[PDB]
Amino acid sequence: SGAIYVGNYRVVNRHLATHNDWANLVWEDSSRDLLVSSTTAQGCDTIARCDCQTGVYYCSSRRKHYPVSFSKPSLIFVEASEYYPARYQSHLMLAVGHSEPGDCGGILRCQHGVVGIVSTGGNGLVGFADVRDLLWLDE
Ligand SMILES: CSc1c(Br)cccc1CC(=O)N1CCC[C@H](C(N)=O)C1
Ligand SMILES: [Zn+2]
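What counts as what
Residues numbered from 1 in each chain as written, not as in the entry; some residues may be left out. Chains lettered and ligands numbered in written order. Heavy atoms only, no water. Near = heavy atom within 4 Å. Polar contact = N/O pair within 3.5 Å; in protein donor to acceptor, adjacent residues only side chain to side chain. Areas by Shrake-Rupley, 256 points an atom, 1.4 Å probe, with all protein chains shown as cover. Helix = DSSP H or I, 4+ residues; strand = E, 2+ residues; numbered from the N terminus. Nonpolar A, V, L, I, M, F, W, Y, C, P; charged D, E, K, R; others polar. Donors = N, O, S within 2.8 Å, 3.2 Å for Na, K, Ca; no water. Tetrahedral: all angles 85-135°; square planar, octahedral: opposite > 155°, others 65-115°. Core = buried A, V, L, I, M, F, W, Y, C linked by side-chain atoms within 4.5 Å. Buried < 20%, exposed > 50% of the residue type's maximum accessible area, 1.4 Å probe, protein only. Contact = heavy atoms within 4.5 Å. Pairing = 2+ DSSP bridges. Axes fitted to C-alpha atoms, helices over the stretch in contact; angles between N-to-C directions.

What the entry reports as its method is X-ray crystallography, with 1.708 Å given for the resolution.

Q: When you look at the site of ligand 1 in this model, what are you seeing that I'm missing?
A: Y84, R87, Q89, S119 and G122 are the nearest of the 14 residues found near ligand 1. Here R87 contributes a side-chain N or O atom positioned 3.0 Å from an oxygen atom of ligand 1. Contact with the protein chains covers 77% of the free accessible surface of ligand 1, which is 500 Å². Elements with a contribution of two residues or more to the shell around ligand 1: β7 (87–96) and β9 (113–121). Looking at the shell around ligand 1 residue by residue, the classes come out as 4 nonpolar, 7 polar and 3 charged.

Q: Is there a simple way to think about the coordination of the zinc ion (ligand 2) in this case?
A: Four donors placed tetrahedrally about a metal ideally form angles of 109.5 degrees, and six donors placed octahedrally ideally form angles of 90 or 180 degrees. For the zinc ion (ligand 2), every protein donor is listed as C50 (SG), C52 (SG), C110 (SG) and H112 (ND1), and the spread of their distances is 2.0 to 2.4 Å. Viewed at the metal, the 4 donor atoms of the zinc ion (ligand 2) are separated by angles of 99 to 115°, and the geometry they form is tetrahedral. The motif formed by the donor residues of the zinc ion (ligand 2), counted along the single chain, is C-x1-C-x57-C-x1-H. One end of the pair, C50, is in the loop between β3 (34–44) and β4 (54–59); the other, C110, is in strand β8 (residues 107–110), with 60 residues separating them in the sequence.

Q: Teacher, can you tell me more about the nonpolar core here?
A: Soluble globular proteins tend to pack their nonpolar side chains together in the buried interior. Membership of the largest hydrophobic core comes to 14 residues, with the highest contact counts inside it found for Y57, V68, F70, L108, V115 and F128. Counting only elements with at least two residues in this core, the list comes to β4, β7, β8, β9 and β10 (125–130). Residues within four places of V68 in sequence aside, it is in contact with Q53, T54, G55, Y57, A95, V96, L108 and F128. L34, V114, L134 and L137 belong to the second largest nonpolar core, which has 13 residues in total.

Q: Just to check I follow, could you spell out the sheet that holds strand β5 (residues 64–69) for this structure?
A: Strand pairing in a sheet takes place through backbone hydrogen bonds and is either antiparallel or parallel in direction. With antiparallel pairing, 7 strands are arranged side by side in an open sheet as β5-β4-β8-β9-β10-β7-β6. Of all strands in the sheet, those bounded by a partner on one side alone are β5 and β6 (74–78). In this sheet, adjacent strand axes meet at a mean angle of 50° when their direction is disregarded. Sheet topology places β9 next to β10; 5 bridges connect them, and they run antiparallel. The residue bridging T120 from the neighbouring strand is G127, located in β10.

Q: I'm lost on the sheet that holds strand β2 (residues 25–29) in this one. Help?
A: Pairing in this open sheet of 3 strands is antiparallel, and the strands run β1-β3-β2 from one edge to the other. Since the sheet does not close on itself, it has two edges, and those belong to β1 (4–13) and β2, each with one partner. Direction aside, neighbouring strands of the sheet carry axes that sit 35° apart on average. Note: β1 against β3, 7 bridges, orientation antiparallel. Each bridged residue has a counterpart across the sheet, and for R10 the counterpart in β3 is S37.

In structure tokens, the structure reads:
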């Protein structure tokens, strides 16, 4: 579990969105596993605007942060699950690192700010949904 709070927005994994998130929906994209809902309180997370390929992510299954090198956002095949049929997930970045299903929502950050959130994994890999292209998160 986990979310990004920037201004009046809350960014979460679309498969973990609550009733409240959907009743306050701003934008959602099944192909990216992202959903953004509005908030009353102010968010103070900074979103990175960069092309970094190194950063640090929070891994709840280990209560630890890990440094990673990750790939550029791209279309990657993701196996079927209780939330989605088998499909290509866009804007996804992979890294070699530990992740378990409950790790989704852990933040990936670089020196410039928040890069994305854990969205997929397995087999010694971790996948992050990128948010650096969502320029509207700051306006
Ligand atoms: C492959 S199970 C797993 C592992 Br292992 C580590 C980390 C995470 C998982 C769960 C997982 O990847 N998915 C279930 C939830 C929705 C995800 C998606 N984006 O389509 C797919
Ligand atoms: Zn960066």
